[PDB]
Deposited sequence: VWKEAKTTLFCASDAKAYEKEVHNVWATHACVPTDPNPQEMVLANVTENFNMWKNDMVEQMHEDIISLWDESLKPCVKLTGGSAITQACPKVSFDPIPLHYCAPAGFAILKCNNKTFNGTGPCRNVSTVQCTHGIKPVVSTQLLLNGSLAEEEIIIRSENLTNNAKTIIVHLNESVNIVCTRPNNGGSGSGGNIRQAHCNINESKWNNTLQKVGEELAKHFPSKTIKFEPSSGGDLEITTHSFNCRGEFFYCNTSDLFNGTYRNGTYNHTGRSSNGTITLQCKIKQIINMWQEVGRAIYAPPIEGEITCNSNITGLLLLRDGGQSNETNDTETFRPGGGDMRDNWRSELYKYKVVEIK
């Protein structure tokens, strides 16, 4: 309804690029935020039409434009060239704050699915701290659902609408390029993953009750969405997930169908230089990988799925607004 500002806890002395951007763009955080419960009120939220998502999107586009400059950007006919130094890159949390005369309403119901009426509501200055993590298929380093796995969608009957799964337990994923120059791998403990897809299948079954629930790899698209792609210490990883989204939930029981070894799923990854941009239709070209060992140890805290007698879910992504949405779902700006 108005333009928000960000608060962050960044230092002017990190050269980490999120810190630099935030010290230019954000104000410091309140050491004690105010919060005002109101359990009588009941208000309506819709995470799928939330202008906070559009402001955060614009901010993160700006952050990446100033921080992860490509050697070459191809958009349409033009090709822009610029210095593309290797940088230190590690996302920091950002708070979105209502300016004077406005408030942010926060839905306090643990099981709120992001849409409709919410009975227990608070008013706050700023959202919690949100790390702006760009990725497909898996949502990394978010905040977990407080109680049970929530399944969010603008419309579950529309198979074209992205499904956001909000986990209540995180699943570790460790991706490393060890000391090919391009070749890397991710390790996931097949047991944790096993359990969580068992519970995700339960929830999806509540919403599609006659049907068998199948997880399969992504069908088609650019590599950015047919693999789990993400940025790690400035390098763009593309990790094959066909051993991950590969399993059947039949009779209240989940069977995993992808290959593991020693109780570990290992995704084969590549570090790429030519990127299909998430910000706009275009390609961006980066320099070859820095040397040493490139490792990110992340929490999987959610999934992005697409639905195709049986219901079949494949990993999705590509619109980073769904990533922001997964964190901003409980917030509205009012007044």
| query | finding |
| --- | --- |
| Regions of the deposited sequence not represented in the model | 1 to 5, 185 to 192, 322 to 329, 357 to 358 |
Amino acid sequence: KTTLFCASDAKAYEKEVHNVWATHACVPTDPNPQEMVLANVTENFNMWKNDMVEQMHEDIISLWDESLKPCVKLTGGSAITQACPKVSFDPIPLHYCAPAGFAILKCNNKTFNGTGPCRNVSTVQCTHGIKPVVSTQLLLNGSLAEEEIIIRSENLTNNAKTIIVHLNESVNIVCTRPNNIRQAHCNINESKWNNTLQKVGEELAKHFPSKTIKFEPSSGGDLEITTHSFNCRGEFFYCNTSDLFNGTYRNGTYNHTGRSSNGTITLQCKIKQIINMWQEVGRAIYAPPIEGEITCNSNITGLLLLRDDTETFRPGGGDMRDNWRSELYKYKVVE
From here on, numbers count along this sequence of modelled residues.
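Take the two forms, superpose them, and find the largest set of C-alpha atoms that agree within 1.5 Å; that set is the rigid core.
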| property | result |
| --- | --- |
| Stretch with larger C-alpha RMS deviation in 9 other deposited structures of this protein, core superposed, 31 to 39 versus 66 to 74 | 31 to 39 |
| Divergent stretch in 9 other deposited structures of this protein, 75 to 83 or 168 to 176 [C-alpha RMS, superposed by the core] | 75 to 83 |
| Higher-B stretch (mean Cα B-factor, as the entry records it), 15 to 23 or 314 to 322 | 15 to 23 |
| Segment of higher mean CA temperature factor, 133 to 141 or 95 to 103 | 95 to 103 |
| Member of 243, 224, 147, 90 with the greatest C-alpha B factor (per the PDB record) | 147 |
| Largest Cα B-factor, entry values, listed residues 127, 155, 229, 172 | 155 |
| Chain-relative CA temperature factor third for residue 271 | middle |
| CA B-factor placement of residue 209, once the chain's modelled residues are sorted into thirds | highest |
| B-factor third for the C-alpha atom of residue 215 within its chain | middle |
| Where the record places residue 263 (Cα B-factor, split into thirds across the chain) | highest |
| Modelled-residue ranking by C-alpha temperature factor, third containing residue 51 | middle |
